[PDB]
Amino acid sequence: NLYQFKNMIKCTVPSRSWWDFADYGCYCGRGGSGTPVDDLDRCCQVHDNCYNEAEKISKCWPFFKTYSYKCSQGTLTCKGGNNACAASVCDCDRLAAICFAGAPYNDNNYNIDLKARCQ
């Protein structure tokens, strides 16, 4: 669920606030419309796409779905007892958190004008 995604990002990107990723580029916090502004934005687009696949599972609602995972010393693991939806959502979150850690954060892409950038 949303909180667990936040916590995964805290796990792999402890130096950044959740808020920095919650309104960034055309896709971080969003979906659809536009050319990704940079590589971090592309992480987010990939995450959105991953959630769309997870949503093909009936009643699978990624931001609402609780899953089981562990953050240990900056490493994320999704636990085996997750149901199909939980497992899928957990992996989407994990892969994104890892992607975010590697992508450089561009201050110029925070809280951008969607009309200007994302058509």
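All residue numbers refer to positions in the sequence shown, first residue = 1.
Higher mean CA temperature factor, per the PDB entry, when comparing 96 to 104 with 11 to 19: 11 to 19.
Residue 68: CA B factor lies in the middle third for its chain, per the PDB record. Residue-level temperature factors show residue 49 in the lowest third of its chain, judged at the C-alpha atom. Among the modelled residues of its chain, residue 62 has a C-alpha B-factor that falls in the middle third, as given in the PDB entry. For residue 119, the recorded CA temperature factor ranks within the highest third of the chain's modelled residues. Residue-level temperature factors show residue 35 in the lowest third of its chain, judged at the C-alpha atom.
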